[PDB]
Every structure is written in C-alpha cells, then in structure tokens.
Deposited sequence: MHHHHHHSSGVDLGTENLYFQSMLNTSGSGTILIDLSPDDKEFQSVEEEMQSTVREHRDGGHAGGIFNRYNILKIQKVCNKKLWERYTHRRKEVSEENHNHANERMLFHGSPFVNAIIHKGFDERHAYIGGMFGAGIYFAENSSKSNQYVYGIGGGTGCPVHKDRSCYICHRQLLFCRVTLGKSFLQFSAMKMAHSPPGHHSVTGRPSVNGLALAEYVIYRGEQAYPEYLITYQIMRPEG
C-alpha cells in the first residue's frame, strides 16, 4: 500500500529536507573508506512515502510511548541508510532491518549526520561498494537514504568513542565522547518506533 509522491525542488518541504541532508555532512575517521570522499551531495529526487497502515502502526506506538513518558514522545527526524531501503518503504521497519553487530546491541540504528547513514547504503562498512563498479566512493551511481520520523521516548544515554531496550527506557542514544564534530546516533528496538517519511535519491560529489 505504499505510494511515493515526488516533491518539487520549488517546494519548501523539498528545500528543508535537502538542507538537513547537506548541512549534516562531516568528515569520518575512516578517511572515506566506507562511504566515500565528499563534502556535499547532488540531490536528484526527494519523495514522500505514503502508507496509511504503516503510519497508523507508527502513531499507535508513539502514543503508547508518550503515555509512558509524561506525554512526550521525544520525536526526532533522523537519517537511515540500508541495503534494505526498498523493503522498508513497502513493509515498514522490523527485526530484519537491525544492525545485529552494532555497538549498542541488535537494534535499528539512525543518525543525525547524513554522512554517517551514507556509510551503510551499500552495507556494513560500505560492503563492496556500488553494484555496478564495486566502488564505495562511486560518484556515478545513484544512492538512496531515508529521512525518518523516530520516537525515542526515554532514551538511555551512552557516552562512547533484536535486543530489548534497557529497562525503563524506549531507545539508546550514542553520544560522541572523542570526536568533537560528530553528531549523535540513536537505536530503537521496535520497528514501530520509526516511519520512513522521505526517500532521498542522490550522488556523492567529488571535491574539486
């Protein structure tokens, strides 16, 4: 039941999503190994993901979490990169979309930095790169990321360099404790706590 609606580049909604994508690029400690070498993107398309059943699943869980946390869902808009982007937009997030070996346990991981999520587009560690050229820094092939509505509720704070949430919590927050420029990363342990609201198609751009 998913339909994708193209946003016009003239639409304020396109423009605000693009700005969040571009403005949250950073350099990575791997020198570009996983995600490629770039400072910015060429945004090719932004689509709204519309699915009534998946939305209702999200808002149902959101209300449950809100009621467990003094009427505060603690909702964020966060990036998600995954080889399973097509399955997610049609079927919703679930246990098959978890990062089993993640540092905060087996859960579904999201990032404030779009460039962190870009590292996962072709798999963990960038896998073998793009299917066509086997290049993790491919400047030709089209990539996709999701910009997602995520319910954090009461989040367990981990200071740092599917499973269950820690008791009495609805998510985990990975706070960077070494790299002063890194933004936070987040993990949820229930697929119903995220909705894949925007599908963004893009290329990474070669620095000049």
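Unmodelled regions (deposited sequence positions with no C-alpha coordinates, counted from 1) are 1-29, 191-192, 240.
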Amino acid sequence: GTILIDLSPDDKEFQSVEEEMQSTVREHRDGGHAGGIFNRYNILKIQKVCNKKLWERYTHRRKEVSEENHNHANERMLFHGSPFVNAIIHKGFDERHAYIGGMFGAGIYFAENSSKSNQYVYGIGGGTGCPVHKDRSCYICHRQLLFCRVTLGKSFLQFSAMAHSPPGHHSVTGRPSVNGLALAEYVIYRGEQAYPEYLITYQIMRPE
From here on, numbers count along this sequence of modelled residues.
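C-alpha atoms forming the largest set that superposes within 1.5 Å between two forms make up the rigid core.
When the other structures are laid on the shown form by the rigid core, the stretch among 181-189 and 20-28 with the greater C-alpha deviation in 9 other deposited structures of this protein turns out to be 181-189. Annotation: of the segments 109-117 and 91-99, 91-99 departs further from this form in 9 other deposited structures of this protein (C-alpha atoms, root mean square over structures and residues, core superposition). For residue 160, the fraction of other compared entries lacking coordinates, among those that model flanking residues, reaches at least a third.
When the C-alpha B-factors of 71-79 and 89-97 are averaged, 89-97 comes out higher. Here the stretch with the larger average CA B-factor, out of 123-131 and 108-116, is 123-131.
Highest C-alpha temperature factor among 164, 143, 61, 26, as the PDB entry reports it: 164. Looking at 155, 177, 151, 51, the one whose CA carries the top B-factor in the deposited record is 177. Residue 171: CA B factor in the lowest third of modelled residues in this chain (values from the PDB entry).
Residue-level temperature factors show residue 147 in the lowest third of its chain, judged at the C-alpha atom. Ranked by C-alpha B-factor against the other modelled residues of its chain, residue 203 falls in the middle third.
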